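Undergrad: Quick one: this structure, given as structure tokens, is what I'll be asking you about.
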Amino acid sequence: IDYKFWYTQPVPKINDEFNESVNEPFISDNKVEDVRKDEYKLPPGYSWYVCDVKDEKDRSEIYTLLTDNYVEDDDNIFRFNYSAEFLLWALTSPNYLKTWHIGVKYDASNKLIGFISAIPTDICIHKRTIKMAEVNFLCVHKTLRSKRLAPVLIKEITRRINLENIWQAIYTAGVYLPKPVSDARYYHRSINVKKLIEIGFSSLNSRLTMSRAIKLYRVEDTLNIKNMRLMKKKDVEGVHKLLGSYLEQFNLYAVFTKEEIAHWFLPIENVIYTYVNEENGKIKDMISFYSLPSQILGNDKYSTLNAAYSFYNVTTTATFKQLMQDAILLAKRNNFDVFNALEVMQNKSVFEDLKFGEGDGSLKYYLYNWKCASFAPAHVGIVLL
Ligand SMILES: CCCCCCCCCCCCCC(=O)CSCCNC(=O)CCNC(=O)[C@H](O)C(C)(C)COP(=O)(O)OP(=O)(O)OC[C@H]1O[C@@H](n2cnc3c(N)ncnc32)[C@H](O)[C@@H]1OP(=O)(O)O
Ligand SMILES: Cc1nn(C)c(C)c1NS(=O)(=O)c1c(Cl)cc(-c2ccnc(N3CCNCC3)c2)cc1Cl
Ligand SMILES: [Cl-]
Ligand SMILES: [Mg+2]
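Heads up, the sequence shown is in full-length UniProt numbering, so the first residue is 26 and it goes up one at a time.
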């Protein structure tokens with residue numbers, strides 16, 4: 026595979042190896058003055074569209090495009106189905122720009138056929154803090170694949186991010202591109218095991234009968250940390266200190282302001298779940314997970330897999346194992362079928378004892394225009410949506 030597009034870009038070549046002594050841009054001294062003011066050209070019959078994510082109709086068009094054309098599993102049974110309310114939350118964080126929510130319409134039918142988006146955040150990479158763009162939800166309609174529209178969308182969002190004097194981005198993908206700074210597998214913890222088997226997400230074996238699998242994944246409906254409760258606005262300062270202080274140990278992590286903590290953590294039903302343990306007016310433990318369902322295609326019984334994805338979890342009054350056992354419990358109480366986590370932060374250490382199973386492939390973390398040492402995923406301290 027040649028990466029004829031990617032090799033024109035400020036990113037590492039497949040064989041590039043940098044020491045820990047290197048931690049800087051590939052291209053520095055960039056000038057907002059010099060950024061191209063013209064939109065990149067689209068094939069005949071197609072146009073840029075500025076998406077207003079706070080307009081329910083524009084949002085619903087993005088929602089439809091992703092519902093029909095986003096990430097599918099290797100066998101093509103499952104397709105991610107981010108909710109409209111989810112997309113609102115994911116793309117209207119503090120200081121977001123409307124002009125980084127970019128669609129492409131096919132003129133003749135006025136239908137949206139392409140999308141890419143970014144949001145601004147401060148990213149600390151090997152102890153340097155850089156204002157970056159966080160790029161997500163790149164999607165080209167399934168009918169228009171391998172026509173090189175993705176590189177158009179990418180060069181256009183790059184241009185619009187550069188116009189804000191920002192020159193670095195972070196992004197994740199399942200595909201291998203030049204070149205991951207880290208690489209983390211998904212692990213899956215079955216909650217509704219019979220449904221997971223019936224939809225073909227998990228399996229059994231003569232060793233393991235349906236009843237025995239159900240017993241294996243059975244959980245006690247009692248928290249290790251008995252006062253774990255939904256987060257509220259009063260807990261923003263406390264979570265800002267607990268999470269902020271925790272994250273500083275990692276090689277890569279978002280440096281959250283208090284406004285960002287409110288946005289990213291305050292709970293939204295069917296979007297984001299954050300629980301806290303408050304002890305003497307201090308927040309001492311937190312659990313958070315987000316809702317990302319998969320549409321189940323062509324099943325007579327089920328149309329939706331409800332999945333909870335581990336987001337940020339910190340404990341100071343229990344073991345990490347006990348905290349994540351509580352996270353699984355909290356996802357079960359909210360009627361989630363499976364709890365997913367990446368082998369980042371301290372997550373791997375709990376996967377065997379908590380009966381997680383290893384997933385297929387992995388999620389690659391990337392930076393744009395940044396040269397640095399790569400590292401093991403335990404050193405990663407950021408989870409993108
Ligand atoms: C300073 C600011 C900088 C801002 C930008 C930072 C960079 C942000 C980068 C974006 C981060 C997104 C992160 C994200 O959203 C989360 S990862 C999920 C991405 N979305 C999907 O998988 C949805 C299902 N697939 C599709 O919609 C299409 O297959 C897409 C649109 C993905 C590719 O459409 P297509 O019809 O299949 O392909 P062509 O148009 O013919 O394009 C082929 C070229 O596309 C390169 N490609 C393929 N998949 C990619 C991927 N996931 N990242 C980056 N590049 C990807 C590919 O390597 C090749 O270049 P090469 O010839 O060099 O290999
Ligand atoms: C049930 C189901 N529904 N679908 C759609 C799939 C693929 C599955 N199978 S899975 O659950 O076992 C699983 C899971 Cl959770 C996640 C990844 C993974 C791979 C690559 N990229 C991303 N992202 C890209 C951008 N940020 C969002 C995450 C996720 C792969 C698998 Cl295979
Ligand atoms: Cl060009
Ligand atoms: Mg294409």
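A virtual CB, placed ideally from N, CA and C, is assigned to each residue, including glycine.
Using CA atoms only, rank isn't needed, just tell me which of 70, 76, 154, 135 is closest to residue 48.
TA: Checked all of 70, 76, 154, 135; the closest Cα to residue 48 is 154.
Undergrad: Count the other CB atoms, across all protein chains shown, that sit within 10 Å of the CB of residue 402; report buried if there are 16 or more and exposed otherwise.
TA: Buried, since its Cβ has 16 or more Cβ neighbours within 10 Å.
Undergrad: Have a look at residue 103 and residue 315 and give me their C-alpha separation to the nearest angstrom.
TA: Distance between the alpha carbons of residue 103 and residue 315 is about 18 angstroms.
Undergrad: Between residue 296 and residue 110, which are expected to be in contact by the criterion C-beta below 8 angstroms, what is the C-beta distance as a whole number of angstroms?
TA: Contact flag correct, Cβ pair sits at about 6 angstroms.
Undergrad: Please find out if some non-hydrogen atom of ligand 4 comes closer than 7 angstroms to the beta-carbon of residue 174.
TA: Residue 174 Cβ: within cutoff of ligand 4.
Undergrad: Kindly indicate which three-state DSSP category residue 216 falls into: helix, strand or coil?
TA: Three-state result, residue 216: coil.
Undergrad: With distances taken between CB atoms, is the gap from residue 350 to residue 330 smaller than 8 angstroms?
TA: No; because the gap between Cβ atoms is not below 8 angstroms, this pair is not in contact.
Undergrad: Leaving aside the five residues before and after residue 160 along the sequence, list all residues of the same chain whose C-beta is less than 6 angstroms from its C-beta, in chain order.
TA: Closer than 6 angstroms at the Cβ level, and outside the excluded window around residue 160, lie 143, 194, 196.
Undergrad: Look at the Cβ atom of residue 186, then the Cβ atom of residue 158, and state whether they are nearer than 8 angstroms.
TA: Going by C-beta atoms, residue 186 is nearer than 8 angstroms to residue 158.
Undergrad: Any heavy atom of ligand 1 inside 7 angstroms of the beta-carbon of residue 197?
TA: Checking the Cβ of residue 197 against ligand 1 gives yes.
Undergrad: Should residue 241 go down as buried or exposed, given a rule of 16 or more other Cβ atoms within 10 Å for buried?
TA: Answer is exposed; the Cβ neighbour count stays below 16.
Undergrad: Out of 309, 371, 251, state which residue places its alpha-carbon closest to the alpha-carbon of residue 355.
TA: Considering only alpha carbons, the answer is 251.
Undergrad: Starting from residue 110, trace the beta strand (DSSP E) in both directions and tell me its first and last residue.
TA: That residue, residue 110, is in no beta strand (DSSP E); its alpha helix (DSSP H) goes 109-116.
Undergrad: For a test of the three-state rule: what should DSSP assign to residue 162, helix, strand or coil?
TA: The answer is strand: DSSP assigns residue 162 an E or B state.
Undergrad: With a cut-off of 8 angstroms, do at least 3 Cβ pairs link the segment 359-367 to the segment 333-351?
TA: Flag = yes, the segment 359-367 and the segment 333-351 touch.
Undergrad: Rounded to whole angstroms, how far is the Cβ of residue 405 from the Cβ of residue 204, which I believe are closer than 8 angstroms?
TA: Wrong, their Cβ atoms sit about 15 angstroms apart, outside the cutoff.
Undergrad: Nearer than 7 angstroms: is that true of the beta carbon of residue 152 relative to any heavy atom of ligand 3?
TA: Checking every heavy atom of ligand 3 against the Cβ of residue 152, none is found closer than 7 angstroms.
Undergrad: Using 8 angstroms as the Cβ pair cut-off and three pairs as the minimum, do the segment 214-231 and the segment 167-181 touch?
TA: No: fewer than three Cβ pairs fall under 8 angstroms.
Undergrad: Any contact between the segment 116-136 and the segment 74-90? By contact I mean 3 or more CB pairs, one from each, below 8 angstroms.
TA: Contact between the segment 116-136 and the segment 74-90 is present, because at least three Cβ pairs lie under 8 angstroms.
Undergrad: If distances are taken between C-alpha atoms only, which option among 223, 62, 257, 229 comes closest to residue 328?
TA: The option with the nearest alpha carbon to residue 328 is 223.
Undergrad: Compute the Euclidean distance between the alpha carbons of residue 30 and residue 149, then round it to the nearest angstrom.
TA: Approximately 27 angstroms, taken between the alpha carbons.
Undergrad: Could you check how far apart the C-beta atoms of residue 51 and residue 398 are, in whole angstroms? I think they sit under 8 angstroms.
TA: Incorrect: roughly 15 angstroms between the Cβ atoms, too far for contact.
Undergrad: Along the chain, where does the alpha helix (DSSP H) containing residue 95 start, and where does it finish?
TA: Segment: none, residue 95 is in no alpha helix (DSSP H) and carries neither H nor E.
Undergrad: For residue 73, which of helix, strand or coil comes out of DSSP?
TA: Three-state DSSP puts residue 73 in a strand.
Undergrad: Between the beta-carbon of residue 146 and the beta-carbon of residue 287, is there less than 8 angstroms?
TA: Contact flag unset, no.
Undergrad: Using three-state DSSP, classify residue 288 as helix, strand or coil.
TA: Residue state, collapsed to three classes: helix.
Undergrad: Under 7 angstroms: does the beta carbon of residue 29 sit that close to some heavy atom of ligand 3?
TA: False, no ligand heavy atom lies under 7 angstroms from that Cβ.
Undergrad: Using three-state DSSP, classify residue 338 as helix, strand or coil.
TA: Of the three classes helix, strand and coil, the one that applies to residue 338 here is coil, per DSSP.
Undergrad: Identify the residues that DSSP records as bridge partners of residue 145: which are they?
TA: DSSP lists 158 as partners of residue 145.
Undergrad: Per DSSP, what kind of secondary structure is residue 363 in: helix, strand or coil?
TA: Note: residue 363 maps to strand in three-state DSSP.
Undergrad: Flag this pair as touching only if the segment 80-95 and the segment 260-274 have three or more C-beta atom pairs under 8 angstroms; answer yes or no.
TA: With a cut-off of 8 angstroms, the segment 260-274 and the segment 80-95 do not count as touching, because too few Cβ pairs lie within range.
Undergrad: Measuring straight from C-alpha to C-alpha, what distance separates residue 178 and residue 307?
TA: Straight-line Cα distance between these residues: approximately 45 angstroms.
Undergrad: Take residue 311 as the anchor and find which of 182, 266, 285, 119 has the nearest alpha-carbon.
TA: When only C-alpha atoms are compared, the closest one is 266.
Undergrad: Do residue 326 and residue 291 have their C-beta atoms closer together than 8 angstroms?
TA: Result no, Cβ atoms of residue 326 and residue 291 do not sit closer than 8 angstroms.
Undergrad: Distance check for residue 78 and residue 123, CA to CA, integer angstroms please.
TA: When rounded, the distance between both Cα atoms is 8 angstroms.
Undergrad: Using the rule of at least 16 other Cβ atoms within 10 Å of the residue's Cβ for burial, across every protein chain shown, is residue 299 buried or exposed?
TA: Residue 299 comes out buried.
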